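Take a look at this single chain, the form deposited in one PDB entry, given in structure tokens.
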């Protein structure tokens, strides 16, 4: 995946978030530190929060990341799209996990109720564990895909099943 997309993935709370533009940051609601009153040097005062279940978007009144260009955020993707989940791991290692996207779904995962766009990992037979699959600390990682010329972001990592094969993308 392009270096400019990896540059947009920021360590955040118990996971990650993603810079859509110099002013827009998206993440998974449950990774956000519940006590936090300041983000990227800005008071809560100065920030527009948009929360829809496990999807959260932050809009800043200042350019926090002026090195970036604004890219397309969409509300999930067509069923059958193959996406990459941009997961950073121990060592400066970069894991762009391939996922075939399915329907919008409501599930119970480890007792918690989750809603988003479901998908199946294309990494192995059974993706249980950290070599072929996701771990809890990957939540908030972006789902991206390429069109003709364009790259698109369509959601953030919310959950995965015990077997590790099924994932859920939180969407706008």
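Basically, rigid core = biggest C-alpha set you can superpose within 1.5 Å across the two forms. Numbering follows the first chain given and starts at 1.
Student: Regarding 37 to 45 and 133 to 141, which shows the higher C-alpha temperature factor on average in the entry?
Tutor: The recorded data point to 37 to 45.
Student: Tell me which stretch, 5 to 13 or 156 to 164, has the higher mean Cα B-factor listed in the entry.
Tutor: Mean B over CA atoms: larger for 156 to 164.
Student: Looking at 146, 115, 65, 30, which has the highest CA B-factor as recorded?
Tutor: If I rank 146, 115, 65, 30 by C-alpha B-factor, first place goes to 146.
Student: For the listed residues 52, 122, 26, 104, which one has the largest C-alpha B-factor as given in the deposited model?
Tutor: Reading the PDB entry, the winner on C-alpha B-factor is 52.
Student: State the tercile, meaning the lowest, middle or highest third, of residue 81 with respect to the CA B-factors recorded for its chain.
Tutor: Ranked within chain, residue 81 CA B lands in the middle tercile.
The discussion below concerns the form deposited in another entry, not included here.
Student: Let me spell it out: fit the two forms on their rigid core, measure each listed C-alpha, and pick the one of 70, 53, 136, 129 that moves 2 Å or more between this form and the one not shown. Which is it?
Tutor: Only 129 moves by 2 Å or more at its C-alpha.
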